[PDB]
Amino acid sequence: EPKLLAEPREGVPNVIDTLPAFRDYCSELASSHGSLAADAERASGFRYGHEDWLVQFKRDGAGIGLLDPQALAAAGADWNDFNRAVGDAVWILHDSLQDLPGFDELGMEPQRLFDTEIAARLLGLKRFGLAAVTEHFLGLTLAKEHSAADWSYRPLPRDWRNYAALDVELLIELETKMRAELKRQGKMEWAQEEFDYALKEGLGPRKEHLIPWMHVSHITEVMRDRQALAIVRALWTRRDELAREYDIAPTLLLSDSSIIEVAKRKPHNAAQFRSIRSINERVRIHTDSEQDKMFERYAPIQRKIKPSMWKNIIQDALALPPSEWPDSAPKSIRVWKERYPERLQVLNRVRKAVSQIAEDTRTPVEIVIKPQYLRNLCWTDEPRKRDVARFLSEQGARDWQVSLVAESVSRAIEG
């Protein structure tokens, strides 16, 4: 019988956006005990990247702090005061890989971690979002209503502040119940190793894929044509510069459809450019929601970038010498099956061995060990010459994963 928690017990907090209010909250954090419940909000889909537009904390006695990073930077707040106030306290985060890069970028230094998402997965929780996890362990429902908000909106509305507060409101109580359960399932040291690793990986700049410009939707329709790819490259790059400069989501400045369209058509002049309508008109987000007015706020920034700016870029791309145009295991089992059936036979023996361990320990198979590490291991015509335990370790698997898995995997490979 879950109960809806509509507001925090202490009420909806005011935003901390002045230097005195920051120094006050830091003092209260210094005066408090136990773990630090943490979270962050970002204006994804609206602003450029993954800059935090809100930062949320709770500590027993200090209560909930909703901290405005941009206002506090302008007020000249020192985030090192925060670190000194908190010390080596445990940070509780749900999916810590999301918020640790942003915390690191503000200059915060979490020294210990409890990841409630990581813990839920190890425990075998099949739906592991915050709301599903707190209902499972605390019998309390959070109505997650303002998840896709533009967190750059000032002043922050009371409902949004309430959402942001509710996201740190139950994390210390979550940790307590989930530690007790991990210990009883005998997974507490597995948990700890996964926290250690997440803090190592997350606290630092976030992962960007190998070649960013290649991630334009429908790019495959243009991959045979290297001059089109030079156009896609050039357009993506300039769009990325201007999106960062003007602090706006890149696809609000120029759609992927427009990029692919002009890469196909290759307009050589101004009249040829004007015939392509999409690149001459402002991007319009239509979702038939209250969100439409929220995107429409960015129209004056969108209008600041003119069609002519893309026209110049297409010219540059088309003036490139042809010799300057651009061109571990496959994740797709189809590729394995079609091209390397003998390697796949070995992999399938490995996969069923890892699945068996998943069952016997009641841990999701992808959590037991990262599926890609097993694929990389079997991506060879000499699988019996693998030092399984060492290879898996060098891949980035944790000691507990190697100790649980490697011998049985070695046996499966041998047959």
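Sequential numbering from 1, following the sequence displayed.
The entry shows a gap from residue 327 to residue 328, with 10 or more unmodelled residues of the deposited sequence in between.
Mean C-alpha B-factor is higher over 175 to 183 than over the other stretch, the pair under comparison being 175 to 183 and 115 to 123.
Between 329 to 337 and 271 to 279, it is 329 to 337 that carries the larger average Cα temperature factor according to the deposited entry. Which of 65, 371, 61, 364 has the largest Cα B-factor in the deposited entry comes down to 61. For the set 94, 158, 146, 154, the PDB entry assigns the largest Cα B-factor to 146. Sort the chain's modelled residues by C-alpha temperature factor and residue 262 lands in the middle third, per the entry. Among all modelled residues in this chain, the alpha-carbon of residue 238 has a temperature factor (C-alpha) in the lowest third.
The PDB entry assigns residue 395 a C-alpha temperature factor belonging to the highest third of its chain's modelled residues. The deposited CA B-factor of residue 194 belongs to the lowest third of values across its chain. Among the modelled residues of its chain, residue 79 has a C-alpha B-factor that falls in the highest third according to the deposited record.
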